[PDB]
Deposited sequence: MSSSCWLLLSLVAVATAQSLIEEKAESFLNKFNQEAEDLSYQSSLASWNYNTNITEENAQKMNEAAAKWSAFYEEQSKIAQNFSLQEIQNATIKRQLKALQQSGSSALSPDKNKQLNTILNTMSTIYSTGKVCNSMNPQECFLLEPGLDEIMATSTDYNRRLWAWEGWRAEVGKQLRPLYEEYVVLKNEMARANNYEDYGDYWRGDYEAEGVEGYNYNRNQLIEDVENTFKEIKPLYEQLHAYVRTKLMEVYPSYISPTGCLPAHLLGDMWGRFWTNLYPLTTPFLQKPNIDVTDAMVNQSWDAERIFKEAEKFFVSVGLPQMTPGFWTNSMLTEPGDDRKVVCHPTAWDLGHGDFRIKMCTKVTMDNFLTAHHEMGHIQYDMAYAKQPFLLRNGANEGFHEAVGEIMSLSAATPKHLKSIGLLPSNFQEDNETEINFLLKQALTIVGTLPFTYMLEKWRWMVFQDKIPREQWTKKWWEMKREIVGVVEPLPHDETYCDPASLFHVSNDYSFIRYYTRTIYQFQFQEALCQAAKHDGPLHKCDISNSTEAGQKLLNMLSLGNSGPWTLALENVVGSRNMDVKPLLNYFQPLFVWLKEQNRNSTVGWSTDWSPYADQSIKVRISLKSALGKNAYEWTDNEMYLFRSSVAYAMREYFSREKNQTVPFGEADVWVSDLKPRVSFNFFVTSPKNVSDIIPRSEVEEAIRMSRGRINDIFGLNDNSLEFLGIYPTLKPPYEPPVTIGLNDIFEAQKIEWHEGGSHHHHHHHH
């Protein structure tokens, strides 16, 4: 043993035992507050967290004395590397405080911004609750557009200046930790080293994500073409049969998930899905019974049972006392073998599946509890959720439900219900993949300076049309920040974990169903009573992150790379059905059609000569607003206060050419007819020429 190796091992022994005691007290204080929300409990939580954070910072500096090049043991070296990560501490105290001010301002704007009705300024809405209820259930085109544009106009424009300074500060922090940029720093979770044949480079992630998305695209286009056909029934006027989908009609504020579109896209209306909620009520189930069934499922595959302290310390039901709690299902790993679950459990089918998902997190924690303290994690950031998903997949199958008595013994499954079930799965799983891939691609290019600030908004909607097949209902300039209107962007969270978790979960399920000798389509598989499948899963769970994530992946699936073929196998019955439903339709989209292109007027200007700057564009909109006021006052005998914000400009070329259209004040859904705008331009044609000093040849309105 090397002398440096001996000194480092002695240092890590004292740290590991001290950190367990301090981290456990911090978790226990947090648990007491979450199940008992008082001012006194909040004070205790803050004090315990500060003590644990102070200890960690002091020990991190002591770890800087060890040279990782001299350490030969990979386990000791991996612990020291984790303890040497400075993070935000690399910045000077002046800039660290500046970044914290920006981060807190963006989080406060997001959670407290309000959009208000134009007719009644006194009636305002928050994002949650409020606009989220509208965007989930409304089928009113005009009302959905009001909430979509109002959120980005009122809140997104406040975040635009703050996000520009946030990018500069994050790149300065990343370079101080020897990274290319902040996006490169975020991709370090997937870095693997130390074993020959299992190395994974940071730059490999970008190429591998693009390669996997290419094989997903043919399936996503069939789902896109099917949803477009159904939405033409709901919105006959507003949908092009060959173009993109309007962004405000996707069942979500950002269209991250298409789950809420299911009532409008049901393949078979007279074949409802399997809802065992009524059977649980008729058999007098309770919350404790639900978690006992989940425990039986894990024992049948060979996993250990819950500890005695799990049943006494958990909060499985909503308290009936004067105690106020947070009702969000979470699994807690306090330390020292203390495992708890906090859940406000109802007797419903949805809560039955959530109990299996949360106890899967507990099983993962229990498996790697024997690892050193700093190595008690998942293999990478996408492993933990992938384990939780596959448990819910097996518990929801009709074969599993018949074996636990929630379905009759003579229950028969028809293939029309199977298509209903698979279509609902694709609206959540397949639909979110292009959204996740496109968003993280945009942020990566922003951190690399591939996209300048002057083109942030422009590149966002070019990639929406190209990759996602989604078109914006109103044009946006560089005063907007549409990415930042999402929670994960304005709250400084990486997003690629949702893309990789989806791929991992179907690789895991296909491997475990093969170990269970399942014969049939992959979506009908149940791994219950299979101790061979539980042995492969346990070989991966107990590793933690003490080795390369590629080696842990190969223990369960037998390969070291991401693969989307198991995902394509899971949705094969739906893929065959979709190609028959889209036989007479168009598959694919064109990126030129837009909801506002039919009422736009083309403007061509040849100055050569003053530069056509942003100030000259502001003057043009005011001149158009002036012409609209005069036309309404003279030809229609109406007084309408048209302003420069009622003029919408799109497709601005480096040469002087663009399009514009006019909307009515207070109403972004009321577009003025193009014929009436032409009459307005014709009436004041002479004065517009005098404003810009350009005759009919230098400045021309096409179509007039």
>> Could you spell out the stretches of the deposited sequence that were left without C-alpha coordinates, going in sequence order?
In response: 1-17, 626-631, 728-767
